[PDB]
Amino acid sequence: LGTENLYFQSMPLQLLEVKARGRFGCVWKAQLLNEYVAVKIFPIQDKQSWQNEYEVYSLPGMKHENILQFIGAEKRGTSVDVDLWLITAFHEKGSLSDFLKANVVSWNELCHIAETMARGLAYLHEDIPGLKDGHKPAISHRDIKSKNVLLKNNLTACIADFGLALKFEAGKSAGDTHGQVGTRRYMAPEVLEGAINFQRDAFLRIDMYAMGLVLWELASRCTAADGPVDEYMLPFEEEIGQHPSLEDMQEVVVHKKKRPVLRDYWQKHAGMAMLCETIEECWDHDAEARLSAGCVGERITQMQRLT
């Protein structure tokens, strides 16, 4: 019906349909040449996030099976009417959040999602000298959550949305976060308490806490439970609902030291029991006690091996 195209790097593109996301941005499913892609469009007010994600994707070694594939970024329009675009791969199965809303997962489905997710995050967090494009720094994501995990057609996970991500150079202290913070629900207690001047290992432990919560989401919709699988709920939603204040979260996580419920009947299955243990270690109130992404990946391999 439409013979008119937009153009990106001289290639024709058509917009198909939109989905909302953070900072009043949006993401379109689009067709670039003969493939579907995702075109993220940021208002000029969220230029910082656009620039940050572009910079992150421009770091050495940022191409990985478990990292949402970057296609390109540009400023579009006039001096006065500016749009910011960042294009990535499109995944028809969407985010793990939307997936879990509509589907339960078998034990083997759960392990594959967990393992590929942990791999992506372990790789993000890893400092790697010696790449052809340079030295990859450790990178903290800073907004880990099921909505920022996308699923490929075989349920392979990839980590998405680097608008808040922060690199660390062995040379210096942690750089400018520009006052931007993550999704309240998934914030570690020390973030909720307003502890400041975090350094590398602290940012990584913040991601691992949020990752614990995502692993809980998987567990909560897994058929390996020896019992019913309830309808999907977000972490802490049972306790503080779908739209909590910072004060709601502080009360529930810092003050009451509470976490999403790990049911005993989830632990008959030997794998699940081990999953539950891993979750508990990831979301420990003590950041220093939390498991690294690499260690979590190993744990997931073990659960599988035993089953």
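Residues carry their position along the shown sequence, with the first being 1.
254 to 262 or 49 to 57, whichever carries the higher mean Cα B-factor:
Between 254 to 262 and 49 to 57, it is 254 to 262 that shows the higher mean C-alpha B-factor.
If you average the CA temperature factors over each stretch, which comes out higher, 243 to 251 or 65 to 73?
Taking the mean B-factor of the alpha carbons in each, 243 to 251 is higher.
Take the CA temperature factors straight from the PDB entry and tell me which of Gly134, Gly194, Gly94, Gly120 peaks.
Out of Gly134, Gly194, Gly94, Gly120, the record gives the largest C-alpha B-factor to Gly194.
If you compare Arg185, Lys147, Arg200, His125, which has the highest Cα B-factor in the entry?
Spelled out: the listed residue with the top C-alpha B-factor is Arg200.
Going by the recorded CA B-factors, say which third of the chain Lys172 sits in, lowest, middle or highest.
For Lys172, whose C-alpha B-factor we compare with every modelled residue in the chain, the answer is the highest third.
Could you look up the Cα B-factor of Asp207 in the entry and say which third of the chain it sits in: lowest, middle or highest?
Bottom third by C-alpha B-factor.
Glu115 - which third its CA temperature factor falls in, relative to the rest of the chain
Middle third of the chain for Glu115's C-alpha B-factor.
Of the three thirds of its chain by CA temperature factor, lowest, middle or highest, which one includes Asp161?
For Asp161, whose C-alpha B-factor we compare with every modelled residue in the chain, the answer is the lowest third.
Classify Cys295 as lowest, middle or highest third according to the C-alpha B-factor given in the PDB entry, relative to its own chain.
Answer is highest: the recorded C-alpha B-factor places it there.
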